[PDB]
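In the structure tokens that follow, the same protein chain appears in two forms, which are kept apart as structure 1 and structure 2.
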Structure 1
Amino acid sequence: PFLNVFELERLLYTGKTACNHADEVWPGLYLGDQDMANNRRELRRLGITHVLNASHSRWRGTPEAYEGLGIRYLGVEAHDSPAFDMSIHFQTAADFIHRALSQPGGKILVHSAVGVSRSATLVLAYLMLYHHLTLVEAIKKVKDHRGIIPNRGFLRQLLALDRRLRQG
């Protein structure tokens, strides 16, 4: 009927972290939630050219408005569970983000359902691979602008990426 401080901590980490539906966390890189992904007017207003859905649903498929908005789309199916292997998506998502930003005027929304875990993981991987931030560095840069908390398993995967990169 009682717990230890570690389980309390895990519960506390499910508290409020997100303040807006999306935040620019890197020049031209917005990180946000499903609402922003479905907000045609805001996607219009912000000049969104690429969308990376890190929570792609085979049921809902590619949002129908993105064609009318000129949006290049990449959905990856992913589940926000410490047991899920998000690393299968690191390089394909990073490359996508790189070529979105590489384009003059390019602007990308990376999103999940909440915008704090699946999506945040791929952004942090993108900064590690393409800008050579440490895992801790990328976390500090992103959390300056959006309260992120990748699940424990995604953090363990990002730590392993951090290890492998810093060696080579």
Structure 2
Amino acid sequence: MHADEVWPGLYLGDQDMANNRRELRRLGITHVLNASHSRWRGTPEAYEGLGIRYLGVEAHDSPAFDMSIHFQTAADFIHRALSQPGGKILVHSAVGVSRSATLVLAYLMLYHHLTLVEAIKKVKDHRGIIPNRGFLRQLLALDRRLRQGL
């Protein structure tokens, strides 16, 4: 789709999710952290109407880009979002999971006393690989058969 709840109230999602009003409202998203904001496209206009608080971080998914200057600010924003009653935040990038996941991991290390190894394990454990519930049902049926001896 996609978005994964990698920490309570904390959704790691993709650009399409960030652009999708039905889903944003359905999830009850109150904050959006765009880890690939383009100074040349501004804040998404749907967001004020949705009552969504926005933080855009201008970041390129390049190994020479310094994301670290945004670690604390982004973590603070995530903390604000999750600290609000009913607060739920979507963290996403335009493409690739590196930019958004990096800010989530920094948040977990700074606000939830996890080591990087522990934070990585936490996020990976909650990243789904079969969002398609039909396919999951199909795999479960296969599982039952193979367990039964096939």
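For numbering, take structure 1's sequence and count from 1. In this text, the rigid core denotes the largest set of C-alpha atoms whose superposition between the two forms falls within 1.5 Å.
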Angstrom shift of the Cα atom of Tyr73 between structures 1 and 2 (superposition on rigid core)
0.3
Could you state, for a rigid core superposition, the Cα shift of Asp162 between structures 1 and 2 in Å?
39.9
Core-aligned, what does the C-alpha of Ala113 shift between structures 1 and 2, expressed in angstrom?
1.8
